[PDB]
>>> print(open('entry_28.pdb').read())   # PDB, C-alpha atoms
MODEL        1
ATOM      1  CA  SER A   1      -3.567 -15.549   1.097  1.00  0.00           C
ATOM      2  CA  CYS A   2      -2.253 -12.155   2.201  1.00  0.00           C
ATOM      3  CA  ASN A   3       0.818  -9.932   1.877  1.00  0.00           C
ATOM      4  CA  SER A   4       3.313  -8.142   4.124  1.00  0.00           C
ATOM      5  CA  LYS A   5       4.505  -4.555   4.544  1.00  0.00           C
ATOM      6  CA  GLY A   6       6.489  -3.162   1.629  1.00  0.00           C
ATOM      7  CA  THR A   7       4.349  -5.139  -0.806  1.00  0.00           C
ATOM      8  CA  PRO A   8       2.349  -3.434  -3.587  1.00  0.00           C
ATOM      9  CA  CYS A   9      -1.433  -3.834  -3.586  1.00  0.00           C
ATOM     10  CA  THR A  10      -4.722  -2.227  -4.624  1.00  0.00           C
ATOM     11  CA  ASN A  11      -6.827  -3.080  -1.574  1.00  0.00           C
ATOM     12  CA  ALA A  12      -6.485  -3.518   2.189  1.00  0.00           C
ATOM     13  CA  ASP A  13      -7.467  -7.175   1.834  1.00  0.00           C
ATOM     14  CA  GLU A  14      -4.126  -7.730   0.101  1.00  0.00           C
ATOM     15  CA  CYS A  15      -2.567  -6.965   3.485  1.00  0.00           C
ATOM     16  CA  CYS A  16      -3.026  -9.481   6.300  1.00  0.00           C
ATOM     17  CA  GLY A  17      -2.983  -6.466   8.599  1.00  0.00           C
ATOM     18  CA  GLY A  18      -5.306  -4.334   6.506  1.00  0.00           C
ATOM     19  CA  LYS A  19      -3.076  -1.386   5.636  1.00  0.00           C
ATOM     20  CA  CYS A  20      -2.924  -0.910   1.865  1.00  0.00           C
ATOM     21  CA  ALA A  21      -2.013   2.615   0.762  1.00  0.00           C
ATOM     22  CA  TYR A  22       0.786   4.629  -0.842  1.00  0.00           C
ATOM     23  CA  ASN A  23       2.862   7.111   1.156  1.00  0.00           C
ATOM     24  CA  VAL A  24       4.906   9.481  -1.006  1.00  0.00           C
ATOM     25  CA  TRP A  25       5.619  13.213  -1.164  1.00  0.00           C
ATOM     26  CA  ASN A  26       6.109  13.404  -4.931  1.00  0.00           C
ATOM     27  CA  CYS A  27       3.302  10.991  -5.809  1.00  0.00           C
ATOM     28  CA  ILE A  28       0.001  12.836  -5.403  1.00  0.00           C
ATOM     29  CA  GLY A  29      -2.993  10.541  -5.031  1.00  0.00           C
ATOM     30  CA  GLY A  30      -3.907   9.594  -8.579  1.00  0.00           C
ATOM     31  CA  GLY A  31      -1.756   7.061 -10.389  1.00  0.00           C
ATOM     32  CA  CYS A  32       0.501   5.624  -7.695  1.00  0.00           C
ATOM     33  CA  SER A  33       1.169   2.220  -6.136  1.00  0.00           C
ATOM     34  CA  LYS A  34      -0.229   1.513  -2.670  1.00  0.00           C
ATOM     35  CA  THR A  35       1.891  -0.510  -0.244  1.00  0.00           C
ATOM     36  CA  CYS A  36       1.208  -2.717   2.778  1.00  0.00           C
ATOM     37  CA  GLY A  37       1.822  -1.474   6.307  1.00  0.00           C
ATOM     38  CA  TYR A  38       1.332  -4.566   8.454  1.00  0.00           C
TER      39      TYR A  38
ENDMDL
END
>>> encode(input="entry_28.pdb", output="structure tokens")
Amino acid sequence: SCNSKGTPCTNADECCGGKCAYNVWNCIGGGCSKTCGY
């Protein structure tokens, strides 16, 4: 059970590829929503 890119998560495990993290310019690390890369 995994997820795909563009999907919200809290850990890399949530991503079949292992790329869980948020990438924003107006969302400093600390209260954001990480997304899948692969």
>>> atom_distance(input="entry_28.pdb", atom1="atom CA of residue 15 of chain A", atom2="atom CA of residue 32 of chain A")
17.1 Å
>>> residues_around(input="entry_28.pdb", residues="residue 17 of chain A", least_positions_apart="2", cutoff="10 Å", atoms="all atoms listed in the file", output="PDB file with C-alpha atoms, in the coordinates of the input")
ATOM      1  CA  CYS A   2      -2.253 -12.155   2.201  1.00  0.00           C
ATOM      2  CA  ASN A   3       0.818  -9.932   1.877  1.00  0.00           C
ATOM      3  CA  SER A   4       3.313  -8.142   4.124  1.00  0.00           C
ATOM      4  CA  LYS A   5       4.505  -4.555   4.544  1.00  0.00           C
ATOM      5  CA  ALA A  12      -6.485  -3.518   2.189  1.00  0.00           C
ATOM      6  CA  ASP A  13      -7.467  -7.175   1.834  1.00  0.00           C
ATOM      7  CA  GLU A  14      -4.126  -7.730   0.101  1.00  0.00           C
ATOM      8  CA  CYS A  15      -2.567  -6.965   3.485  1.00  0.00           C
ATOM      9  CA  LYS A  19      -3.076  -1.386   5.636  1.00  0.00           C
ATOM     10  CA  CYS A  20      -2.924  -0.910   1.865  1.00  0.00           C
ATOM     11  CA  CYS A  36       1.208  -2.717   2.778  1.00  0.00           C
ATOM     12  CA  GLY A  37       1.822  -1.474   6.307  1.00  0.00           C
ATOM     13  CA  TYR A  38       1.332  -4.566   8.454  1.00  0.00           C
TER      14      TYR A  38
END
>>> atom_distance(input="entry_28.pdb", atom1="atom CA of residue 16 of chain A", atom2="atom CA of residue 28 of chain A")
25.4 Å
>>> atom_distance(input="entry_28.pdb", atom1="atom CA of residue 31 of chain A", atom2="atom CA of residue 7 of chain A")
16.7 Å
>>> residues_near_point(input="entry_28.pdb", point="(3.4, -2.6, -5.3)", cutoff="8 Å", atoms="only C-alpha atoms", output="ChimeraX atom specification")
/A:6-9,33-35
>>> residues_around(input="entry_28.pdb", residues="residue 30 of chain A", least_positions_apart="5", cutoff="12 Å", atoms="all atoms listed in the file", output="PyMOL selection string")
chain A and resi 21-22+24
>>> axis_aligned_box(input="entry_28.pdb", around="segment 20-33 of chain A", padding_each_side="6 Å", output="AutoDock Vina command-line options")
--center_x 1.1 --center_y 6.2 --center_z -4.3 --size_x 22.0 --size_y 26.3 --size_z 24.3
